[PDB]
Structures are given as C-alpha cells and as structure tokens.
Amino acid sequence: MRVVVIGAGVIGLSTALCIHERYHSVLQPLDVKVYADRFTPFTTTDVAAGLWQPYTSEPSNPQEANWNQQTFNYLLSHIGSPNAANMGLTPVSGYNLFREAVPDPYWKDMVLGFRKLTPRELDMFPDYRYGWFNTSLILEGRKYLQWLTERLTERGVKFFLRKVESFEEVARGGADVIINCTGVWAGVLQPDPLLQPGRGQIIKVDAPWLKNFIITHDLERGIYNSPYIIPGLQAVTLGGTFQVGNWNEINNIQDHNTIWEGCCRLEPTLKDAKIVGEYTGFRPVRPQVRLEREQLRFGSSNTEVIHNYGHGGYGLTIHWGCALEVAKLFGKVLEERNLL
C-alpha cells in the first residue's frame, strides 16, 4: 500500500514507525513517506522540555490516560538498554510544587515512586506549602526525533520537504492512506476551531549540577503559567509560559523576565547558569486529542485518512500510545479492503 504521513514531529515519526513495524511483513510494497514543511530541530517537539508528565487534571477522554500509561511502559522498558540515552531517554526524579493542597494526579500510579512531600522537603521551596515527588523519564524531543528519523530511514521510509496545501493533492498524488500528524497547523488542511495554539517560551541553560526537575503550579494563572526547571541530557530547561490563542512565534522580553526571574528565585544557584538558547513553540491545544479515521472521496478516489494531533503539552508523554492506536485503525483499513 501507499501511506502518506504529514508531520515530522514526535507524532508523525512515531506513528510512521509504529505502522511500518506492524505491517511491513504482511504488506509487500508499503510505501510510507513523510511530508513536512519543517523537520527537526524546527518542530514544536524540539522546543519541548522533554519530561513525561500529563496534566494535573483528568482528560475528557480516558483513552488518553491509557495512551500515557502505554507510553511510559514503552519507554520504561528501555531503561536498561545501552541505546536508551541515544534515543533521548533517561530517568529523572522531581517535585510538583503547589501554593496549596491539591488532589493526587490520575497518573500518580503510572509514574515511579509517587508520594506527597514532607514539610522538611517543602523547606527547600518556601514559596510553596504542598507538593509531590516522583520519578519519571526524559524524552528529549530533538534527540528522539533524530533517532526516529534514523530508524525510519533504515526502515526504507522516505522523507520529503513539502508543505501540503490540502489532503486533495496528497490523495490524488497517489496516497492510499494519509496520516495527519500536522499538529497546531492542522486547521489549514481541514478547519478545526477546537485546535488553538498554546504558546510557550523556554530558556535552555547550562546548569549541569541540577539533576531533579522542579515544576511549580499556579492554579490561578493556568497550567505551566508558573516557573519550572527541567533538566535534560546536555542542558536544563527553564520555562513558565502557556498562552492559548497566541500565535506570536517571536520571543518576548516580557516572558524572558517571568521565566528567568521566577526560575532564578526557585533555584538561586541558577545565577551562575550560562544561557545556551531561548525559544518559543506552539502546543497543539484541543479539548481532546484527535485520533480517528475519516474517508474522503475525490472523484472515485476514496482516500482513507487518520488524524492524530492536538496533544497540547503532553505530546512526548503520549506519542507511543496514540501511534499504537493509529496502527490499530490502519489494520481495519487493511482488512475492510480485504488486503489481509
């Protein structure tokens, strides 16, 4: 069959791989090709902190909780492998600081070693009087993409720099099945008011002495609209902005002072940190992830399409689960066509 994936982010490449690994043996020419107007490190995936943590609230679709859980285990099963770090994967323990007592997250048991913070530990962060501690994983979006690209390439998959203007051209181009992993820009290919950008700015800095992630929470200003320090492989990520509706791709000094001044107050040792870089990205916000099939006829050419976008600020946290689901829906596309 001829598969066409649009999107070179974590959802694009992970879904492409998951599809190939699943049906390359049963399907003869499985022409999977990737179409993107910008590849790594130019994606939102590259700008991501990398940490594995869903929101503090339950998703509207419990399927997502399932997909997160599946993504943790998939990545957890890699801990103990020599190529874990080369995939951009490594463990990290950390805190979630609250200005007041909050209920446990739904993902409390998904993560490793969850427990509430003792007052003795809160003494480290005076601005907050409640929190959680747990162990999770780092999935450096950039490193993970270079890996997936490296993996898919050897799988025979071809990448093409192309801004898809419509599903039309792709279908008539020869696409038997089209996987739409276009993120926050999906509305172009097909209008969806539910998808809005969740602008975020970060400050990548050299502060290697920082091992633990630290995520503070302001219940009034919204999720990730509070400072956070999230260590990665080669650097640390400082952030604290989530602006929904903002399409400004430029870094503003206003947010630079909120992040820095906030993070530096969180961790005073940050004063010695050498700023490596600063970026801005658009989290694909949607009331719920769009992962479903859709048939599209274009003059007899009934082209099947499967969407997978709207992952907001948990794209790396949910990538494998969602990808596994697309492959499941791709099987049904294969069997209704009697192609299996």
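We call the rigid core whatever largest set of C-alpha positions still superposes within 1.5 Å between the two forms. Position 1 is the first residue in the sequence shown; the rest follow in order.
Here 47-55 and 296-304 are scored by the root mean square distance of their C-alpha atoms in 4 other deposited structures of this protein, with each structure fitted by the rigid core; the higher score goes to 296-304. Comparing 18-26 with 315-323, the higher mean C-alpha B-factor in the PDB entry belongs to 18-26. Of the two segments examined, 248-256 and 106-114, it is 248-256 that shows the higher average Cα temperature factor in the deposited entry. For the set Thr280, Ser57, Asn308, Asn68, the PDB entry puts the maximum C-alpha B factor at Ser57.
In this structure the maximum Cα B-factor among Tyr144, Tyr95, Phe160, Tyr228 is found at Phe160. The entry lists a Cα temperature factor for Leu291 that places it in the middle third of the chain's modelled residues. Compared with the other modelled residues of the chain, the Cα B-factor recorded for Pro82 ranks in the middle third. Sorting the modelled residues of the chain by their CA temperature factor places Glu267 in the lowest third. Ranked within its chain, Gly198 lands in the middle third, by CA B factor from the PDB record. Sorting the modelled residues of the chain by their CA temperature factor places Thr149 in the middle third.
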